Structure formats: C-alpha cells, structure tokens
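Since the structure comes first, as structure tokens, the remarks are kept for the end.
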There are 4 protein chains.
Amino acid sequence: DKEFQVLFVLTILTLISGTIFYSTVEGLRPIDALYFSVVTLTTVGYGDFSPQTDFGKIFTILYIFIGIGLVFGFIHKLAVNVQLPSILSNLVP
Amino acid sequence: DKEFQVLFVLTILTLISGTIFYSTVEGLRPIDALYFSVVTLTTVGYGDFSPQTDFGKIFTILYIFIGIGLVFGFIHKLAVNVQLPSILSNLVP
Amino acid sequence: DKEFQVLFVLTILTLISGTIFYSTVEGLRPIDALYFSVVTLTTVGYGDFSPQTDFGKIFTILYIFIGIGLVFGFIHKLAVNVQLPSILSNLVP
Amino acid sequence: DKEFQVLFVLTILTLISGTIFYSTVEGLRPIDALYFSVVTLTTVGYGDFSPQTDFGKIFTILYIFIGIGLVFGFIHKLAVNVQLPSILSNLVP
Ligand SMILES: [Ba+2]
Ligand SMILES: [Ba+2]
Ligand SMILES: [Ba+2]
Ligand code: NA
C-alpha cells in the first residue's frame with residue numbers, strides 16, 4: 001500500500017525524465033518519448049524508436065541501468081500487492 | 001495445479017484482449033495481433049509489428065505494465081509446477 | 001553440478017529444436033536459426049530475423065512460453081553454481 | 001558495498017570486452033559498440049545494431065549467456081544495496 005505508492009511515484013518521475021530527455025535531445029513527440037521510455041525500461045525494445053545521437057545513446061545506457069530495477073520492482077509489487085489479492089477476491093465462493 | 005489453472009486462464013484473457021485491441025485499432029490480422037501481444041508481454045519485442053497510432057501506443061504502455069507480471073508468473077509456475085516435475089520423472093532410475 | 005548438467009542438456013535440446021524448425025519452415029541458414037532461437041528465448045529480440053509465416057508465428061508463441069523458463073533457469077544456475085564460486089576463487093587472499 | 005563493488009568491476013570488464021569485440025569484428029564505432037553491448041545484455045535489444053557476421057553471431061550467443069546473469073545481478077544489487085536505502089533516506093521524517 002505505502003510500498004506500492006512510493007514505487008508508483010518513483011516510476012512516474014523516471015518516465016517523466018525520459019519523456020523530457022528524448023523529446024528534447026532526440027526530437028521525439030512527447031507521447032512517443034514516453035512510449036519509448038516505457039518500451040526501453042521494460043526491456044521490450046521494439047526499436048521503432050531508438051537514439052540516433054551519441055548523447056542519446058549515453059543517456060540510454062545510464063537510463064537502463066538506473067531505471068530497470070525500479071520499473072520491475074513496481075511491476076512486481078503491482079502484481080503482488082494489487083493484482084494478486086484482487087484475483088483471489090474474484091475466486092472465494 | 002489449481003494455481004497453474006488460474007494463471008493459464010488469466011494469461012489467456014490477457015492475450016485475447018490484446019488480440020482484439022491490436023486487430024481493431026492497429027489493423028493487424030488476428031493471428032498477427034496474438035503473436036504481437038505475446039512478443040510484447042514476454043518482452044521479446046522484435047518490432048516487426050509495433051503500434052503506429054497514439055491510441056495503440058498508450059494501450060501498449062498500460063498493457064505492458066499490467067500484463068508482464070501475469071505472463072511471467074505463468075511462465076514461472078509452468079516451469080516450476082509442470083516442467084520441473086516432468087523432467088525429474090524422466091530421470092529417476 | 002548435476003543440476004547445471006541437466007539444465008545444460010535441456011537448453012541444448014531446446015536450441016536444437018529451434019534451429020531445426022526455423023531453418024526448415026522459415027528458410028534460415030542453420031547458424032542464423034540457432035542465433036535467432038537464442039535471441040528469442042533470452043528475450044533480446046533484435047528483430048533482424050523474425051518469423052514471416054503463420055506456422056512460424058504460432059511455433060514462436062509456443063517456443064517462447066516453453067523455452068524462456070528453461071533458458072533463464074540455466075542462465076541462473078550457470079551464474080550461481082559456476083560463475084559465482086569462480087569469481088570468489090579469484091578473490092580470497 | 002564490497003558486493004556492489006565487485007559486481008561493478010565485473011560488469012565493466014564484460015562491457016569492455018563487448019566494446020572491443022563489436023568495434024573490431026562488426027566495425028562499430030566504440031561508443032556504438034558499448035551501447036550495443038548494453039542494449040544486448042539488458043535484453044532491450046532494439047536491433048538498430050545487430051551482428052552481420054557469423055563470428056559476430058556466435059560471439060553474441062555466448063556473450064548473452066555469460067553476461068546476462070552478471071548484468072542483472074549488478075542491476076539487482078544496485079537497486080537493493082544502493083537505490084533502496086537512498087530512497088528511504090529521503091522518506092524518514
Ligand atoms: Ba527485447
Ligand atoms: Ba527489437
Ligand atoms: Ba527491431
Ligand atoms: Na527482457
């Protein structure tokens with residue numbers, strides 16, 4: 001609850017930083033910058049967007065190392081502390 | 001057993017929702033929509049398909065956050081509660 | 001030791017099946033088929049190769065669900081039961 | 001602390017080896033080689049770079065199996081032993 005709340009905020013700030021960085025340095029539209037940040041940090045990585053500048057490539061290296069751990073923590077506690085009880089609620093006779 | 005069964009169903013419904021969404025909004029053939037949903041939620045992400053619309057990009061962001069946890073849970077219990085015993089069965093003299 | 005050995009074999013057989021499938025149905029060279037199988041099951045997924053046939057797409061869906069759990073188990077026990085001691089060996093004065 | 005330090009070094013050496021390999025055999029610029037090594041071992045895998053030679057494909061197979069476990073260990077202890085306390089520090093009244 002309080003755990004999920006902090007992880008939510010931390011993940012939001014991370015995605016805001018990526019949105020700002022890639023829309024400025026890589027010239028993406030803000031929605032595309034957000035989408036790319038998510039596709040990156042979840043490791044999906046389609047490659048429909050990818051950094052073309054060296055600044056973008058260096059940021060991306062650092063962004064991945066700092067952000068993957070946080071994003072997957074959130075995905076994990078979301079599944080565990082929000083998704084897991086709710087599915088059991090739908091179960092019990 | 002009962003665990004694996006619930007995870008199977010939950011994963012199926014998730015993949016059905018993606019199949020329906022991407023065949024409608026992104027105009028994919030249903031098989032391609034299913035395939036893309038799987039390639040997305042397992043994080044493989046080839047990028048042979050990727051959303052071209054903003055609606056598609058926003059759904060994909062949400063779809064990834066909600067679905068990755070469920071899919072990998074299923075992959076995990078499938079390996080643990082179905083794959084792991086079966087391989088030991090083939091072992092014991 | 002015996003754990004790592006079984007996981008090695010199981011991973012090899014999985015990669016052999018992918019090598020055979022993608023070289024036949026998708027017409028890849030055997031080395032490219034192996035490479036693609038690995039890039040797929042580790043979720044790296046560059047997309048330099050991806051299935052173009054519906055048979056290939058359906059197999060890939062199943063191949064991912066069955067194979068990811070096994071591959072990452074191997075990667076895990078390789079790191080834990082082979083990589084982790086060896087690095088400590090290089091450490092102790 | 002001492003754990004994080006060893007994982008840092010091990011990850012650095014891994015990324016140096018990839019930087020050297022892909023700039024030589026695949027002809028990438030060193031920054032692109034580093035970037036590609038990171039995008040590979042974190043499994044993001046955009047595919048903006050991917051190996052074109054058989055030597056490159058075989059190395060990549062081995063590089064992924066050896067390196068993913070190490071990289072994610074580092075990402076994990078970085079989040080746990082460096083990121084997790086620091087965020088709590090910002091919390092306590
Ligand atoms: Ba990927
Ligand atoms: Ba890709
Ligand atoms: Ba791609
Ligand atoms: Na991944």
Side-chain angles (χ1 to χ4, degrees), chain A residues 43 68-69 72 76 80, chain B residues 1 3-4 7-8 42-44 68-69 71-93, chain C residues 1-21 34-35 37-44 62-92, chain D residues 2-4 6-7 9-11 13-14 17 40-43 58-81:
Chain A
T43 77
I68 287 195
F72 276 87
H76 183 205
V80 166
Chain B
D1 196 312
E3 186 172 32
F4 172 89
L7 285 182
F8 188 69
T42 59
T43 77
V44 172
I68 287 195
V71 159
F72 276 87
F74 174 74
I75 294 178
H76 183 205
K77 290 306 174 184
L78 163 68
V80 166
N81 296 336
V82 183
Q83 295 187 315
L84 176 62
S86 204
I87 57 97
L88 302 171
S89 68
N90 217 26
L91 281 174
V92 175
Chain C
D1 196 312
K2 301 307 183 180
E3 186 172 32
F4 172 89
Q5 278 173 331
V6 178
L7 285 182
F8 188 69
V9 174
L10 281 166
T11 291
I12 295 309
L13 280 186
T14 304
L15 298 178
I16 296 183
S17 171
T19 300
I20 294 172
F21 180 85
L34 177 56
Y35 163 80
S37 296
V38 169
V39 166
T40 294
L41 289 184
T42 59
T43 77
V44 172
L62 301 170
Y63 192 59
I64 291 172
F65 274 107
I66 296 173
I68 287 195
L70 191 98
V71 159
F72 276 87
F74 174 74
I75 294 178
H76 183 205
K77 290 306 174 184
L78 163 68
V80 166
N81 296 336
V82 183
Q83 295 187 315
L84 176 62
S86 204
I87 57 97
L88 302 171
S89 68
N90 217 26
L91 281 174
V92 175
Chain D
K2 301 307 183 180
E3 186 172 32
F4 172 89
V6 178
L7 285 182
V9 174
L10 281 166
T11 291
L13 280 186
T14 304
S17 171
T40 294
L41 289 184
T42 59
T43 77
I58 295 162
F59 174 88
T60 297
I61 290 169
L62 301 170
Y63 192 59
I64 291 172
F65 274 107
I66 296 173
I68 287 195
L70 191 98
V71 159
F72 276 87
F74 174 74
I75 294 178
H76 183 205
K77 290 306 174 184
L78 163 68
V80 166
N81 296 336

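Here is how names work: the chains are called A, B, and so on, in the same order as the sequence lines, proteins then strands, and each is numbered from 1.
- Looking only at distances, no side-chain donor or acceptor of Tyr63(D) sits under 3.5 Å from a matching main-chain atom of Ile68(D).
- Going from atom OG1 of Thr42(D) over to atom CD1 of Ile75(D) covers 6.5 Å, rounded to the nearest 0.5 Å.
- Between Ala79(C) and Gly69(D) the shortest heavy-atom distance is CB-CA, 4.4 Å.
- Between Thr11(D) and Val71(D), the closest heavy-atom pair is OG1-CA, 4.3 Å.
- Using a 4.5 Å cut-off on side-chain heavy atoms (C-beta onward), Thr40(D) and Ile64(D) make contact.
- Considering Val39(C), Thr19(C), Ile20(C) as possible partners of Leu34(C), the one that fulfils the side chain to side chain contact (heavy atoms under 4.5 Å, CB included) test is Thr19(C).
- Ring centroids of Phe4(B) and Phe74(B) are separated by less than 6.0 Å, placing the two rings close together.
- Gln83(B) places a side-chain N or O within donor-acceptor distance of the main-chain N or O of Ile66(C), the cut-off being under 3.5 Å.
- Residues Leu41(C) and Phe72(C) form no side-chain contact, since every pair of their non-hydrogen atoms from C-beta on lies 4.5 Å or further apart.
- Residues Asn81(B) and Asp1(B) fail the side-chain proximity criterion, which asks for heavy atoms closer than 4.5 Å.
- By the 4.5 Å heavy-atom criterion applied to side chains, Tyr35(C) and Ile58(D) are not counted as neighbours.
- A distance of 12.0 Å separates CD in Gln5(C) from CG in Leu10(C), rounded to the nearest 0.5 Å.
- Annotation: the span from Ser86(C) atom OG to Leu88(C) atom CG amounts to 8.5 Å, rounded to 0.5 Å.
- The minimum heavy-atom distance linking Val80(B) with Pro85(B) is given by the pair O-CD, 3.3 Å.
- Within the model, atoms CG of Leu84(C) and NZ of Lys77(C) stand 11.0 Å from one another, a figure rounded to the nearest 0.5 Å.
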